[PDB]
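Data from run-v1.cif: mmCIF, N, CA and C atoms
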data_protein
#
loop_
_atom_site.group_PDB
_atom_site.id
_atom_site.type_symbol
_atom_site.label_atom_id
_atom_site.label_comp_id
_atom_site.auth_asym_id
_atom_site.auth_seq_id
_atom_site.Cartn_x
_atom_site.Cartn_y
_atom_site.Cartn_z
ATOM 1 N N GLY U 1 1.003 -6.936 -20.283
ATOM 2 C CA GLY U 1 -0.141 -6.867 -21.093
ATOM 3 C C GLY U 1 -0.969 -7.908 -20.464
ATOM 4 N N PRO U 2 -1.971 -7.488 -19.738
ATOM 5 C CA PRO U 2 -2.045 -6.122 -19.196
ATOM 6 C C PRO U 2 -1.103 -5.964 -17.977
ATOM 7 N N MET U 3 -0.805 -7.027 -17.235
ATOM 8 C CA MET U 3 -0.041 -6.915 -16.002
ATOM 9 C C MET U 3 1.451 -6.809 -16.165
ATOM 10 N N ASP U 4 2.003 -7.142 -17.349
ATOM 11 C CA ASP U 4 3.431 -7.159 -17.517
ATOM 12 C C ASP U 4 4.144 -5.858 -17.111
ATOM 13 N N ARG U 5 3.594 -4.700 -17.478
ATOM 14 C CA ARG U 5 4.296 -3.418 -17.231
ATOM 15 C C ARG U 5 4.393 -3.182 -15.707
ATOM 16 N N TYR U 6 3.412 -3.677 -14.952
ATOM 17 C CA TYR U 6 3.427 -3.493 -13.503
ATOM 18 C C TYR U 6 4.300 -4.557 -12.827
ATOM 19 N N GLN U 7 4.232 -5.790 -13.313
ATOM 20 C CA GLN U 7 5.135 -6.854 -12.873
ATOM 21 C C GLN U 7 6.600 -6.516 -13.000
ATOM 22 N N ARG U 8 6.974 -5.800 -14.052
ATOM 23 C CA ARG U 8 8.376 -5.352 -14.162
ATOM 24 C C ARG U 8 8.854 -4.381 -13.088
ATOM 25 N N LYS U 9 7.938 -3.769 -12.343
ATOM 26 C CA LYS U 9 8.316 -2.871 -11.295
ATOM 27 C C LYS U 9 8.301 -3.500 -9.891
ATOM 28 N N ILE U 10 8.062 -4.796 -9.784
ATOM 29 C CA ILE U 10 8.157 -5.455 -8.473
ATOM 30 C C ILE U 10 9.505 -5.192 -7.846
ATOM 31 N N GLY U 11 9.462 -4.712 -6.596
ATOM 32 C CA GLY U 11 10.628 -4.259 -5.858
ATOM 33 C C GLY U 11 10.735 -2.763 -5.745
ATOM 34 N N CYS U 12 9.983 -2.027 -6.568
ATOM 35 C CA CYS U 12 9.992 -0.577 -6.491
ATOM 36 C C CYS U 12 9.239 -0.097 -5.308
ATOM 37 N N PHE U 13 9.524 1.168 -4.980
ATOM 38 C CA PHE U 13 8.837 1.857 -3.946
ATOM 39 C C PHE U 13 7.893 2.844 -4.542
ATOM 40 N N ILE U 14 6.702 2.937 -3.989
ATOM 41 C CA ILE U 14 5.731 3.919 -4.409
ATOM 42 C C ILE U 14 5.140 4.604 -3.164
ATOM 43 N N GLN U 15 4.617 5.814 -3.349
ATOM 44 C CA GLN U 15 4.107 6.642 -2.272
ATOM 45 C C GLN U 15 2.603 6.595 -2.413
ATOM 46 N N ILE U 16 1.969 5.827 -1.548
ATOM 47 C CA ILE U 16 0.540 5.653 -1.591
ATOM 48 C C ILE U 16 -0.186 6.734 -0.814
ATOM 49 N N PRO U 17 -1.054 7.474 -1.507
ATOM 50 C CA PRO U 17 -1.848 8.565 -0.939
ATOM 51 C C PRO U 17 -2.535 8.120 0.332
ATOM 52 N N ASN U 18 -2.233 8.813 1.426
ATOM 53 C CA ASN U 18 -2.798 8.597 2.764
ATOM 54 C C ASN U 18 -2.400 7.290 3.452
ATOM 55 N N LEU U 19 -1.348 6.648 2.963
ATOM 56 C CA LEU U 19 -0.873 5.415 3.550
ATOM 57 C C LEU U 19 0.601 5.530 3.836
ATOM 58 N N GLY U 20 1.348 5.982 2.849
ATOM 59 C CA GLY U 20 2.772 6.139 3.008
ATOM 60 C C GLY U 20 3.564 5.416 1.948
ATOM 61 N N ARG U 21 4.850 5.267 2.199
ATOM 62 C CA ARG U 21 5.750 4.618 1.263
ATOM 63 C C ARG U 21 5.550 3.110 1.357
ATOM 64 N N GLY U 22 5.352 2.446 0.223
ATOM 65 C CA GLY U 22 5.244 0.977 0.162
ATOM 66 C C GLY U 22 6.075 0.339 -0.950
ATOM 67 N N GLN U 23 6.612 -0.861 -0.683
ATOM 68 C CA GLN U 23 7.352 -1.600 -1.649
ATOM 69 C C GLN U 23 6.341 -2.488 -2.416
ATOM 70 N N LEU U 24 6.326 -2.416 -3.726
ATOM 71 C CA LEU U 24 5.522 -3.302 -4.581
ATOM 72 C C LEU U 24 6.105 -4.716 -4.530
ATOM 73 N N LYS U 25 5.296 -5.691 -4.133
ATOM 74 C CA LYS U 25 5.761 -7.084 -4.001
ATOM 75 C C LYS U 25 5.024 -8.094 -4.861
ATOM 76 N N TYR U 26 3.834 -7.754 -5.351
ATOM 77 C CA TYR U 26 3.006 -8.709 -6.081
ATOM 78 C C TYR U 26 2.084 -7.896 -6.960
ATOM 79 N N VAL U 27 1.764 -8.431 -8.131
ATOM 80 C CA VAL U 27 0.699 -7.901 -8.966
ATOM 81 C C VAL U 27 -0.122 -9.055 -9.512
ATOM 82 N N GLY U 28 -1.403 -9.077 -9.302
ATOM 83 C CA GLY U 28 -2.209 -10.143 -9.874
ATOM 84 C C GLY U 28 -3.492 -10.339 -9.138
ATOM 85 N N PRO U 29 -4.226 -11.399 -9.463
ATOM 86 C CA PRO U 29 -5.496 -11.713 -8.863
ATOM 87 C C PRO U 29 -5.296 -12.226 -7.430
ATOM 88 N N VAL U 30 -6.334 -12.107 -6.657
ATOM 89 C CA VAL U 30 -6.335 -12.627 -5.286
ATOM 90 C C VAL U 30 -7.565 -13.510 -5.177
ATOM 91 N N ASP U 31 -7.363 -14.719 -4.682
ATOM 92 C CA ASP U 31 -8.453 -15.700 -4.614
ATOM 93 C C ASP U 31 -9.634 -15.137 -3.858
ATOM 94 N N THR U 32 -10.814 -15.333 -4.452
ATOM 95 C CA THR U 32 -12.103 -14.843 -3.889
ATOM 96 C C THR U 32 -12.357 -13.334 -3.934
ATOM 97 N N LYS U 33 -11.541 -12.607 -4.710
ATOM 98 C CA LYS U 33 -11.723 -11.170 -4.837
ATOM 99 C C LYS U 33 -11.858 -10.858 -6.286
ATOM 100 N N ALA U 34 -12.420 -9.684 -6.596
ATOM 101 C CA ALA U 34 -12.613 -9.275 -7.994
ATOM 102 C C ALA U 34 -11.468 -8.417 -8.468
ATOM 103 N N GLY U 35 -10.933 -8.700 -9.635
ATOM 104 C CA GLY U 35 -9.996 -7.773 -10.253
ATOM 105 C C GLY U 35 -8.560 -8.096 -9.950
ATOM 106 N N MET U 36 -7.689 -7.162 -10.324
ATOM 107 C CA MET U 36 -6.297 -7.266 -10.104
ATOM 108 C C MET U 36 -5.874 -6.396 -8.930
ATOM 109 N N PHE U 37 -4.795 -6.807 -8.267
ATOM 110 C CA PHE U 37 -4.319 -6.196 -7.072
ATOM 111 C C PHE U 37 -2.833 -5.987 -7.103
ATOM 112 N N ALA U 38 -2.393 -4.930 -6.435
ATOM 113 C CA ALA U 38 -1.020 -4.766 -6.068
ATOM 114 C C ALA U 38 -0.872 -5.230 -4.639
ATOM 115 N N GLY U 39 0.096 -6.059 -4.364
ATOM 116 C CA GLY U 39 0.411 -6.408 -3.004
ATOM 117 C C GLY U 39 1.607 -5.582 -2.640
ATOM 118 N N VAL U 40 1.493 -4.831 -1.554
ATOM 119 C CA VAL U 40 2.532 -3.934 -1.113
ATOM 120 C C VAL U 40 2.940 -4.226 0.343
ATOM 121 N N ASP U 41 4.207 -3.977 0.641
ATOM 122 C CA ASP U 41 4.700 -4.045 1.971
ATOM 123 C C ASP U 41 4.913 -2.575 2.456
ATOM 124 N N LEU U 42 4.139 -2.195 3.463
ATOM 125 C CA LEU U 42 4.165 -0.858 4.034
ATOM 126 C C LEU U 42 5.254 -0.614 5.079
ATOM 127 N N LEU U 43 5.976 -1.668 5.438
ATOM 128 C CA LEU U 43 7.151 -1.583 6.344
ATOM 129 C C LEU U 43 6.801 -0.992 7.712
ATOM 130 N N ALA U 44 5.547 -1.167 8.126
ATOM 131 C CA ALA U 44 5.023 -0.820 9.438
ATOM 132 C C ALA U 44 3.697 -1.528 9.501
ATOM 133 N N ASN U 45 3.149 -1.704 10.693
ATOM 134 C CA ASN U 45 1.917 -2.456 10.879
ATOM 135 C C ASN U 45 0.673 -1.651 10.622
ATOM 136 N N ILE U 46 0.661 -0.981 9.475
ATOM 137 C CA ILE U 46 -0.472 -0.180 9.041
ATOM 138 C C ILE U 46 -1.241 -0.846 7.894
ATOM 139 N N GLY U 47 -0.871 -2.079 7.572
ATOM 140 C CA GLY U 47 -1.588 -2.865 6.580
ATOM 141 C C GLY U 47 -2.578 -3.794 7.202
ATOM 142 N N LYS U 48 -2.865 -4.882 6.535
ATOM 143 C CA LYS U 48 -3.813 -5.822 6.943
ATOM 144 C C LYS U 48 -3.287 -7.234 7.079
ATOM 145 N N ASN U 49 -2.128 -7.569 6.500
ATOM 146 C CA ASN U 49 -1.767 -8.989 6.448
ATOM 147 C C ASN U 49 -0.298 -9.168 6.434
ATOM 148 N N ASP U 50 0.113 -10.424 6.393
ATOM 149 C CA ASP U 50 1.515 -10.812 6.316
ATOM 150 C C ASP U 50 1.848 -11.347 4.938
ATOM 151 N N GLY U 51 1.115 -10.872 3.912
ATOM 152 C CA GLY U 51 1.414 -11.251 2.561
ATOM 153 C C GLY U 51 0.711 -12.517 2.153
ATOM 154 N N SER U 52 -0.008 -13.154 3.072
ATOM 155 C CA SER U 52 -0.787 -14.343 2.745
ATOM 156 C C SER U 52 -2.283 -14.063 2.864
ATOM 157 N N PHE U 53 -3.112 -14.862 2.219
ATOM 158 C CA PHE U 53 -4.564 -14.678 2.221
ATOM 159 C C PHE U 53 -5.156 -16.039 1.963
ATOM 160 N N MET U 54 -6.072 -16.441 2.833
ATOM 161 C CA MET U 54 -6.665 -17.768 2.786
ATOM 162 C C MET U 54 -5.680 -18.908 2.769
ATOM 163 N N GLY U 55 -4.617 -18.843 3.537
ATOM 164 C CA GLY U 55 -3.725 -19.947 3.549
ATOM 165 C C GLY U 55 -2.707 -19.945 2.434
ATOM 166 N N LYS U 56 -2.816 -19.038 1.448
ATOM 167 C CA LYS U 56 -1.782 -18.994 0.395
ATOM 168 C C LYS U 56 -0.858 -17.806 0.524
ATOM 169 N N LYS U 57 0.449 -17.990 0.268
ATOM 170 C CA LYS U 57 1.406 -16.909 0.272
ATOM 171 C C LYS U 57 1.416 -16.211 -1.039
ATOM 172 N N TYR U 58 1.176 -14.927 -1.024
ATOM 173 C CA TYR U 58 1.362 -14.057 -2.182
ATOM 174 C C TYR U 58 2.686 -13.332 -2.215
ATOM 175 N N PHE U 59 3.158 -12.865 -1.066
ATOM 176 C CA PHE U 59 4.440 -12.153 -1.004
ATOM 177 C C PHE U 59 4.952 -12.118 0.425
ATOM 178 N N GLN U 60 6.160 -11.698 0.584
ATOM 179 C CA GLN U 60 6.813 -11.642 1.897
ATOM 180 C C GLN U 60 6.700 -10.221 2.493
ATOM 181 N N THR U 61 6.362 -10.121 3.767
ATOM 182 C CA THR U 61 6.321 -8.794 4.430
ATOM 183 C C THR U 61 7.324 -8.769 5.587
ATOM 184 N N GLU U 62 7.783 -7.591 5.920
ATOM 185 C CA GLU U 62 8.727 -7.396 7.041
ATOM 186 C C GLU U 62 8.054 -7.652 8.397
ATOM 187 N N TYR U 63 6.806 -7.197 8.553
ATOM 188 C CA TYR U 63 6.054 -7.319 9.816
ATOM 189 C C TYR U 63 4.704 -7.996 9.640
ATOM 190 N N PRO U 64 4.104 -8.462 10.733
ATOM 191 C CA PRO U 64 2.898 -9.310 10.604
ATOM 192 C C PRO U 64 1.676 -8.633 10.030
ATOM 193 N N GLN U 65 1.608 -7.291 10.099
ATOM 194 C CA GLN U 65 0.509 -6.557 9.450
ATOM 195 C C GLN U 65 0.991 -5.518 8.539
ATOM 196 N N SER U 66 2.168 -5.672 7.934
ATOM 197 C CA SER U 66 2.648 -4.674 7.031
ATOM 198 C C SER U 66 2.231 -4.885 5.580
ATOM 199 N N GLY U 67 1.570 -5.988 5.257
ATOM 200 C CA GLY U 67 1.188 -6.190 3.857
ATOM 201 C C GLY U 67 -0.241 -5.678 3.602
ATOM 202 N N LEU U 68 -0.495 -5.335 2.351
ATOM 203 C CA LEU U 68 -1.797 -4.872 1.948
ATOM 204 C C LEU U 68 -2.069 -5.100 0.467
ATOM 205 N N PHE U 69 -3.245 -5.617 0.143
ATOM 206 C CA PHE U 69 -3.667 -5.689 -1.250
ATOM 207 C C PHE U 69 -4.425 -4.420 -1.583
ATOM 208 N N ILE U 70 -4.053 -3.769 -2.669
ATOM 209 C CA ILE U 70 -4.724 -2.567 -3.115
ATOM 210 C C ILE U 70 -5.198 -2.815 -4.538
ATOM 211 N N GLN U 71 -6.430 -2.425 -4.871
ATOM 212 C CA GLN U 71 -6.934 -2.610 -6.230
ATOM 213 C C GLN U 71 -5.955 -1.917 -7.185
ATOM 214 N N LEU U 72 -5.546 -2.655 -8.174
ATOM 215 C CA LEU U 72 -4.467 -2.189 -9.028
ATOM 216 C C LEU U 72 -4.770 -0.841 -9.680
ATOM 217 N N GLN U 73 -6.001 -0.630 -10.097
ATOM 218 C CA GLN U 73 -6.378 0.672 -10.740
ATOM 219 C C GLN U 73 -6.066 1.893 -9.905
ATOM 220 N N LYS U 74 -6.107 1.742 -8.572
ATOM 221 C CA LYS U 74 -5.753 2.807 -7.656
ATOM 222 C C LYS U 74 -4.321 3.206 -7.597
ATOM 223 N N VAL U 75 -3.393 2.329 -7.967
ATOM 224 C CA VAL U 75 -2.000 2.634 -7.905
ATOM 225 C C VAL U 75 -1.272 2.438 -9.230
ATOM 226 N N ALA U 76 -2.002 2.154 -10.281
ATOM 227 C CA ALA U 76 -1.378 1.786 -11.554
ATOM 228 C C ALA U 76 -0.495 2.923 -12.070
ATOM 229 N N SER U 77 -0.987 4.146 -12.022
ATOM 230 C CA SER U 77 -0.112 5.252 -12.505
ATOM 231 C C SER U 77 1.101 5.539 -11.574
ATOM 232 N N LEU U 78 0.975 5.292 -10.258
ATOM 233 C CA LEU U 78 2.127 5.402 -9.343
ATOM 234 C C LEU U 78 3.162 4.389 -9.648
ATOM 235 N N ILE U 79 2.724 3.179 -9.997
ATOM 236 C CA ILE U 79 3.676 2.153 -10.367
ATOM 237 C C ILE U 79 4.396 2.499 -11.694
ATOM 238 N N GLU U 80 3.643 2.985 -12.648
ATOM 239 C CA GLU U 80 4.230 3.336 -13.919
ATOM 240 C C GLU U 80 5.331 4.401 -13.796
ATOM 241 N N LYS U 81 5.116 5.390 -12.969
ATOM 242 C CA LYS U 81 6.129 6.431 -12.686
ATOM 243 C C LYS U 81 7.355 5.941 -11.918
ATOM 244 N N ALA U 82 7.225 4.910 -11.081
ATOM 245 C CA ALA U 82 8.319 4.422 -10.262
ATOM 246 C C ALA U 82 9.418 3.806 -11.125
ATOM 247 N N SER U 83 10.637 3.845 -10.596
ATOM 248 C CA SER U 83 11.775 3.283 -11.317
ATOM 249 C C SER U 83 12.378 2.111 -10.564
ATOM 250 N N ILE U 84 12.789 1.116 -11.317
ATOM 251 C CA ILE U 84 13.336 -0.129 -10.772
ATOM 252 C C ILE U 84 14.848 -0.004 -10.810
#
Write out the structure in this file as structure tokens.
Amino acid sequence: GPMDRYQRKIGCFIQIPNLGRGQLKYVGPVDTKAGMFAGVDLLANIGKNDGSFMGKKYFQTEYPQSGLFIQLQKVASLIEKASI
């Protein structure tokens, strides 16, 4: 409430439209950005980051560009369907 239901699914896998399978690793705000975000590990270098942003660690990624922040509203129903 509001983030609790999504936070409980950290570690789940979700299938992101036009991106692929990603592991949910973080849910919350990102410094200097608007809104809430899911931080996902795409398990290939098709993301943007290594789980850090502006010098702060948000989550751990397998590869140097496998992490990605996605606006939470875009994946909120995928997360809700996923099982932990």
Give as a PyMOL selection string the residues that the PyMOL selection byres ((chain U and resi 14-18) around 8) matches when applied to the coordinates above. chain U and resi 11-13+19-24+75+78-79+81-83
Point-to-point distance in Å for atom C of residue 33 in chain U and atom N of residue 64 in chain U: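 A separation of 23.5 Å between them.
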Exactly which residues make up the result of the PyMOL selection byres ((chain U and resi 26) around 8) on this file, given as a PDB file with N, CA and C atoms, in the frame of the given file?
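See out.pdb below for the written result:
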ATOM      1  N   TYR U   6       3.412  -3.677 -14.952  1.00  0.00           N
ATOM      2  CA  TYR U   6       3.427  -3.493 -13.503  1.00  0.00           C
ATOM      3  C   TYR U   6       4.300  -4.557 -12.827  1.00  0.00           C
ATOM      4  N   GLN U   7       4.232  -5.790 -13.313  1.00  0.00           N
ATOM      5  CA  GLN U   7       5.135  -6.854 -12.873  1.00  0.00           C
ATOM      6  C   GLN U   7       6.600  -6.516 -13.000  1.00  0.00           C
ATOM      7  N   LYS U   9       7.938  -3.769 -12.343  1.00  0.00           N
ATOM      8  CA  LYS U   9       8.316  -2.871 -11.295  1.00  0.00           C
ATOM      9  C   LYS U   9       8.301  -3.500  -9.891  1.00  0.00           C
ATOM     10  N   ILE U  10       8.062  -4.796  -9.784  1.00  0.00           N
ATOM     11  CA  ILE U  10       8.157  -5.455  -8.473  1.00  0.00           C
ATOM     12  C   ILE U  10       9.505  -5.192  -7.846  1.00  0.00           C
ATOM     13  N   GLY U  11       9.462  -4.712  -6.596  1.00  0.00           N
ATOM     14  CA  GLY U  11      10.628  -4.259  -5.858  1.00  0.00           C
ATOM     15  C   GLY U  11      10.735  -2.763  -5.745  1.00  0.00           C
ATOM     16  N   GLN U  23       6.612  -0.861  -0.683  1.00  0.00           N
ATOM     17  CA  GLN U  23       7.352  -1.600  -1.649  1.00  0.00           C
ATOM     18  C   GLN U  23       6.341  -2.488  -2.416  1.00  0.00           C
ATOM     19  N   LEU U  24       6.326  -2.416  -3.726  1.00  0.00           N
ATOM     20  CA  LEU U  24       5.522  -3.302  -4.581  1.00  0.00           C
ATOM     21  C   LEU U  24       6.105  -4.716  -4.530  1.00  0.00           C
ATOM     22  N   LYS U  25       5.296  -5.691  -4.133  1.00  0.00           N
ATOM     23  CA  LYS U  25       5.761  -7.084  -4.001  1.00  0.00           C
ATOM     24  C   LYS U  25       5.024  -8.094  -4.861  1.00  0.00           C
ATOM     25  N   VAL U  27       1.764  -8.431  -8.131  1.00  0.00           N
ATOM     26  CA  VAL U  27       0.699  -7.901  -8.966  1.00  0.00           C
ATOM     27  C   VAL U  27      -0.122  -9.055  -9.512  1.00  0.00           C
ATOM     28  N   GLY U  28      -1.403  -9.077  -9.302  1.00  0.00           N
ATOM     29  CA  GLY U  28      -2.209 -10.143  -9.874  1.00  0.00           C
ATOM     30  C   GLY U  28      -3.492 -10.339  -9.138  1.00  0.00           C
ATOM     31  N   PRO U  29      -4.226 -11.399  -9.463  1.00  0.00           N
ATOM     32  CA  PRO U  29      -5.496 -11.713  -8.863  1.00  0.00           C
ATOM     33  C   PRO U  29      -5.296 -12.226  -7.430  1.00  0.00           C
ATOM     34  N   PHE U  37      -4.795  -6.807  -8.267  1.00  0.00           N
ATOM     35  CA  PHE U  37      -4.319  -6.196  -7.072  1.00  0.00           C
ATOM     36  C   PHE U  37      -2.833  -5.987  -7.103  1.00  0.00           C
ATOM     37  N   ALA U  38      -2.393  -4.930  -6.435  1.00  0.00           N
ATOM     38  CA  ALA U  38      -1.020  -4.766  -6.068  1.00  0.00           C
ATOM     39  C   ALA U  38      -0.872  -5.230  -4.639  1.00  0.00           C
ATOM     40  N   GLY U  39       0.096  -6.059  -4.364  1.00  0.00           N
ATOM     41  CA  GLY U  39       0.411  -6.408  -3.004  1.00  0.00           C
ATOM     42  C   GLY U  39       1.607  -5.582  -2.640  1.00  0.00           C
ATOM     43  N   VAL U  40       1.493  -4.831  -1.554  1.00  0.00           N
ATOM     44  CA  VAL U  40       2.532  -3.934  -1.113  1.00  0.00           C
ATOM     45  C   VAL U  40       2.940  -4.226   0.343  1.00  0.00           C
ATOM     46  N   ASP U  41       4.207  -3.977   0.641  1.00  0.00           N
ATOM     47  CA  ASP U  41       4.700  -4.045   1.971  1.00  0.00           C
ATOM     48  C   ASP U  41       4.913  -2.575   2.456  1.00  0.00           C
ATOM     49  N   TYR U  58       1.176 -14.927  -1.024  1.00  0.00           N
ATOM     50  CA  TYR U  58       1.362 -14.057  -2.182  1.00  0.00           C
ATOM     51  C   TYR U  58       2.686 -13.332  -2.215  1.00  0.00           C
ATOM     52  N   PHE U  59       3.158 -12.865  -1.066  1.00  0.00           N
ATOM     53  CA  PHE U  59       4.440 -12.153  -1.004  1.00  0.00           C
ATOM     54  C   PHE U  59       4.952 -12.118   0.425  1.00  0.00           C
ATOM     55  N   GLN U  60       6.160 -11.698   0.584  1.00  0.00           N
ATOM     56  CA  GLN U  60       6.813 -11.642   1.897  1.00  0.00           C
ATOM     57  C   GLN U  60       6.700 -10.221   2.493  1.00  0.00           C
TER      58      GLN U  60
END
d(atom N of residue 5 in chain U, atom C of residue 63 in chain U) in Å: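 Result for atom N of residue 5 in chain U versus atom C of residue 63 in chain U: 27.3 Å, one decimal.
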Quick check on the file I pasted: which residues fall under the PyMOL selection byres (((chain U and resi 65 and name CA) around 9) and name CA)? Write them as a list in words.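 Output of the PyMOL selection byres (((chain U and resi 65 and name CA) around 9) and name CA): residues 41, 42, 43, 44, 45, 46, 47, 48, 49, 50, 51, 61, 62, 63, 64, 66, 67 and 68 of chain U.
Between CA of residue 70 in chain U and atom C of residue 36 in chain U there is a distance of 7.1 Å.
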Could you give me the residues within chain U that DSSP places in strand (DSSP E), as a ChimeraX atom specification? /U:13-16,20-29,36-41,52-53,56-57,67-71
Pull the helix (DSSP H, G or I) assignments for chain U out of DSSP run on the backbone, and list those residues as a VMD selection string. chain U and resid 4 to 7 72 to 81
Using all atoms listed in the file, can you tell me which of U:52, U:8, U:2, U:35 comes closest to residue 84 in chain U?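 Of all the options, U:8 lies closest to residue 84 in chain U.
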